[PDB]
Amino acid sequence: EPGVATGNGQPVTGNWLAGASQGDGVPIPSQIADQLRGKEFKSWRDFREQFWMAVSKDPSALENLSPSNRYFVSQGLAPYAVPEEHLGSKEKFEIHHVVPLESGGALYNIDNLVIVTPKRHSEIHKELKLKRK
Ligand code: NI
């Protein structure tokens with residue numbers, strides 16, 4: 001579903017992915033949002049690839065990735081999370097829609113995105129489901 005990205009992200013210092021395994025996940029750094037906002041995307045896959053390429057071009061965001069993960073984001077691929085944070089065949093950091101798409105959330109609004117591990121993304125959706133009761 002094609003669209004235009006919007007949103008600004010957050011000012012982030014330090015290790016921007018450390019919190020991806022916990023809580024609400026981590027916001028998108030504003031300097032990554034700046035490389036995407038206003039651009040048109042053909043599909044979610046297109047956005048995801050350009051998102052990780054934007055990460056690859058930012059020294060601050062690259063600094064807390066392993067060397068192998070720096071290679072992968074330079075190819076527009078998501079970096080791998082540690083094994084304890086995998087969920088079935090899902091092994092890489094995921095972009096989660098904070099208000100889910102299925103709950104009226106925006107697809108390419110960067111302020112509706114966080115990064116989460118596969119394990120934490122699944123937990124967040126379980127928790128959202130429970131809280132409907
Ligand atoms: Ni999600």
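Values in this text are rule-based calculations from the coordinates and carry no lab data. In this analysis, Cβ positions are derived from the backbone assuming ideal geometry, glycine residues included, and neighbour counts consider all displayed protein chains.
For the stretch 23-73, the fraction of C-alpha pairs farther apart than 16 angstrom is 44 percent. Counting only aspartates and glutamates at least 8 places from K129 when in the same chain, those with an alpha carbon closer than 18 Å to its own are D24, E102. The share of Cα pairs per 5 Å bin across the chain, counted from zero up to the longest distance, runs 2, 11, 20, 25, 22, 14, 5, 1, 0 percent. Enumerate the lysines that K42 could reach by cross-link, defined here as Cα to Cα under 25 Å, with residues fewer than 8 away along the same chain left out. List returned: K57, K90, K92.
With +1 assigned to the C-beta of every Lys and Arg and -1 to the C-beta of every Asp and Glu, and no other charges, what is the dipole magnitude of the chain about the Cα centre in debye, to the nearest 20? Mind dumping the intermediate values first?
Working: 16 positive and 16 negative charges, 64 e Å.
Roughly 300 debye, rounded to the nearest 20.
Look at where the Cα atoms of the stretch 61-98 and of the stretch 1-55 average out, and the two centres are 13 Å apart. Normalised by the number of residues in the chain, the average gap of Cα pairs under 8 Å and 6 or more apart makes the relative contact order 30 percent.
May I ask for the Kirkwood hydrodynamic radius of the stretch 69-133, worked out over all distinct Cα pairs and given in angstroms to one decimal?
Details: mean 1/r = 0.0778 Å⁻¹.
Kirkwood hydrodynamic radius for the stretch 69-133: 12.8 Å.
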